[PDB]
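The opening position of the sequence shown corresponds to residue 1 in the numbering used here, with each subsequent residue numbered one higher.
Every residue gets a Cβ at the ideal spot worked out from N, C-alpha and C, and that includes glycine.
Below: one structure, written as structure tokens.
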Amino acid sequence: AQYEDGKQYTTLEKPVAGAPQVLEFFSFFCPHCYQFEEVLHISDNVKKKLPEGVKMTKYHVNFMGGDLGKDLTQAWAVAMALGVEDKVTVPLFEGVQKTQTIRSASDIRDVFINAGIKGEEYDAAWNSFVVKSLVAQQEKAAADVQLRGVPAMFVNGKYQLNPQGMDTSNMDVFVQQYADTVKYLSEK
């Protein structure tokens with residue numbers, strides 16, 4: 001058939017109860033994640049085709065970058081808590097990977113301050129238990145899908161996107177196939 005298990009997607013041996021409908025994992029340290037987000041715009045292209053009533057969730061991971069990687073997971077929790085993901089995603093990626101001006105937790109905070117988030121507001125969120133629970137949620141979700149690497153995307157806690165079974169061709173044909181595959185899985 002057109003879409004096949006083992007080709008555009010794989011199936012989790014162990015389905016995740018109560019998982020987000022569309023769940024993406026990434027790291028701001030991850031070079032392919034930079035490509036996915038800043039060049040391919042995978043997240044955005046996926047959203048443009050999702051059925052009505054289907055939400056996308058995106059989580060950061062700890063396993064790249066040591067202490068800073070964990071700082072970035074905590075900052076991503078802050079971004080989610082404050083609802084400013086679309087203000088900090090580009091400057092965090094560029095700060096870590098393009099300019100390499102993000103080397104500490106303070107440098108991360110600077111991105112938020114420069115994006116217009118008040119210092120008090122960031123610090124309050126950073127130290128909050130709501131953010132601690134959001135960090136834990138991200139770590140638990142990684143465990144639940146038995147995550148090995150990023151970028152990664154899972155649909156209804158049952159299916160894993162398999163980009164290596166798509167074409168690399170026109171980056172654009174790749175992106176279209178990826179987005180179309182998520183939509184197909186959403187309706188499965």
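Three-state class that DSSP yields for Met64 in the structure shown: Taking the first residue of the sequence shown as position 1, residue 64 is located at position 64. The answer is coil: DSSP assigns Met64 none of H, G, I, E or B.
For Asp5, the residue or residues it bridges with in DSSP: Translated into positions along the sequence shown, residue 5 becomes position 5. Looking at the DSSP assignment, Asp5 forms a beta bridge with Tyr9.
Rounded separation between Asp123 and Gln2 - CA only: As a position in the sequence shown, residue 123 is number 123, starting the count at 1. As a position in the sequence shown, residue 2 is number 2, starting the count at 1. Distance between the alpha carbons of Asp123 and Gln2 is about 49 Å.
N- and C-terminal bounds of the alpha helix (DSSP H) containing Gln177: As a working mapping, residue 177 is identified with position 177 in the sequence shown. The continuous alpha helix (DSSP H) containing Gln177 extends over residues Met171 to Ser186.
Endpoints, beta strand (DSSP E) assigned at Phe25: Along the sequence shown, read from residue 1 onward, the residue named residue 25 stands at position 25. Per DSSP, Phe25 belongs to the beta strand (DSSP E) from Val22 to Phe26.
Through-space distance from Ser186 to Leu161, alpha-carbon basis: Against the sequence shown, residue 161 aligns to sequence position 161. Against the sequence shown, residue 186 aligns to sequence position 186. Between the alpha carbons of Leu161 and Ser186 lies a distance of about 12 Å.
Contacts around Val96, its chain only, beta-carbon distance under 7 Å, and the 5 residues preceding and following it disregarded: Against the sequence shown, residue 96 aligns to sequence position 96. Around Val96: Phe28, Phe29 and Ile102.
As assigned by DSSP and simplified to three states, the class of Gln160: Sequence index remark: in the sequence shown, residue 160 carries index 160 (1-based). Residue state, collapsed to three classes: strand.
Unbroken beta strand (DSSP E) run spanning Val155, endpoints: As a first step, residue 155 is located in the sequence shown; it is residue number 155 there, counting from the start. In this chain, the beta strand (DSSP E) harbouring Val155 covers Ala152 to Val155.
Under the three-state DSSP convention, the category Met80 falls into: Position 80 of the sequence shown, counted from the first residue, corresponds to residue 80. It is helical.
Between the CA atoms of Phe36 and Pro151 - distance to the nearest angstrom: Translated into the one-based positions of the sequence shown, residue 151 becomes position 151. Translated into the one-based positions of the sequence shown, residue 36 becomes position 36. Their backbone Cα atoms lie some 8 Å apart in a straight line.
Neighbour-count burial assignment, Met80, 16 or more Cβ in a 10 Å radius: To locate residue 80, count along the sequence shown from 1; it is residue 80. Counting Cβ neighbours within 10 Å, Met80 comes out buried, since at least 16 surround it.
Segment contact flag, the segment 41 to 52 with the segment 105 to 113, C-beta cutoff 8 Å, min 3 pairs: No, they do not touch.
Contact belief for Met153 with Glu38 at Cβ below 8 Å, rounded distance in angstroms: Taking the first residue of the sequence shown as position 1, residue 153 is located at position 153. Taking the first residue of the sequence shown as position 1, residue 38 is located at position 38. Between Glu38 and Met153 the Cβ distance is about 17 Å, and since that is not below 8 Å, they are no contact.
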